[PDB]
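Take a look at this single chain, the form deposited in one PDB entry, given in structure tokens.
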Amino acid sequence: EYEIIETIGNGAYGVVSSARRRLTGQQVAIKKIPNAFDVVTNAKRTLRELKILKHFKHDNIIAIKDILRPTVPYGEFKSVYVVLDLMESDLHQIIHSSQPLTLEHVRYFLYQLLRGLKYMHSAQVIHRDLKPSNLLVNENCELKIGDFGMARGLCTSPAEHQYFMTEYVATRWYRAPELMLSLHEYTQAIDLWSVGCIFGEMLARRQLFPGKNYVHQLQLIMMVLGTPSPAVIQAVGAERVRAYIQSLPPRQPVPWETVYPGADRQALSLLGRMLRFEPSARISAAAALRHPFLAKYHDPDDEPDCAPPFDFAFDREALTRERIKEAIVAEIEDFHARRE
């Protein structure tokens, strides 16, 4: 049914290969999740991502094109094969390379990212791990958000460690203040912090806050944003961090013009609207698409919401590996039923 071209990916998620459907000739990416059901944690993530990707139909979100059916007896179905959009590169590789990236690239890439988040956010899904390398880009310059392993809804299970240990959620360099400090306000605004970090990175083609560890991360952020306000300092979850921040002299925010000298005025306008300490002070995805910097591409008339919202209830459930296997197989059957 498929003709393998070459291998490209490894690992943590599995193995990725480029391929073509024999009948159509159309090119795809095939991900093998080997021994998919052997570990509960992994199996749970697999089910969560299968449901998420099947839920979205959006040009700026990686899509499942096919899932191969077991052609073996059920008991020997060990590894899962997912067929996905083939994407040549990603935003990290592009930013950190000798490829072009003018203001127009920045503008268009940001536009698509935000377009994808408006959709995803409206379904009540926080990605929680946006970074350049999770944003794939194909030969046509389409940007697609992938890697939904970290994604959660607005109210989650206290049985997960992450519920309390927010400072370990996602990736340090793009991790929102509210996660670092446990500000007890966990919304889609988490993503808009990461977007700001990505935006900044694209403007200078280097990482905005590359802290070596926890404390240095906070220091790097505060070098630009200044010290958090009193109101935020009070809201800090743990005593020692709270105390640490209070131990520093007040610092005034640096205007973005200084951080990124000579950069587009309209770009820094929007950037500033995203990188603020307080979650609810940050611009939303939907509103950022309205900002003058994205004038050129914004079309209210082609930036859909996602109905209905995604429900994360299934993830809360306590299932054995063998039940998770069934649930995943049901999703493969459902995929094909819904088509054929």
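From 1 onward, residues are counted along the sequence shown. Only residues modelled in both forms are compared. Heads up, when I say rigid core I mean the largest set of C-alphas that superpose within 1.5 Å between the two forms.
Below, we turn to the form deposited with a small molecule bound, even though it does not appear here.
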* To do: Although the small molecule is absent from this view, report whether residue 303 comes within 4.5 Å of it in the deposited complex, heavy atoms only.
  => no
Could you tell me if residue 55 has a non-hydrogen atom within 4.5 Å of the small molecule in the deposited complex?
no
message: When the contact criterion is heavy atoms within 4.5 Å, does residue 221 count as touching the small molecule in the deposited complex?
response: no
Using 4.5 Å between non-hydrogen atoms, is residue 294 touching the small molecule in the deposited complex? no
If we test each of 189, 170, 82, 270 for a heavy atom within 4.5 Å of the small molecule in the deposited complex, the one that passes is 82
Assert contact_stretch over 283-291, 43-51, 304-312, 270-278 against the small molecule in the deposited complex, heavy atom within 4.5 Å, equals 43-51
ask   = All three of 13, 31 and 64 touching the small molecule in the deposited complex at 4.5 Å, heavy atom to heavy atom?
value = yes
Task: Core-superposed comparison between this form and the one not shown, residue 12 Cα displacement 2 Å or beyond - done: yes
Under comparison with the form shown, the C-alpha atoms of residue 9 and residue 88 in the deposited complex shift by 3 angstroms or more, placing them closer
Checked in the deposited complex: CA of residue 14 to CA of residue 331 differs by 3 Å or more, atoms lying farther
The moving segments between this form and the one not shown, taken as three or more consecutive common residues whose Cα atoms each shift by 2 angstroms or more on the rigid core, are 9-15
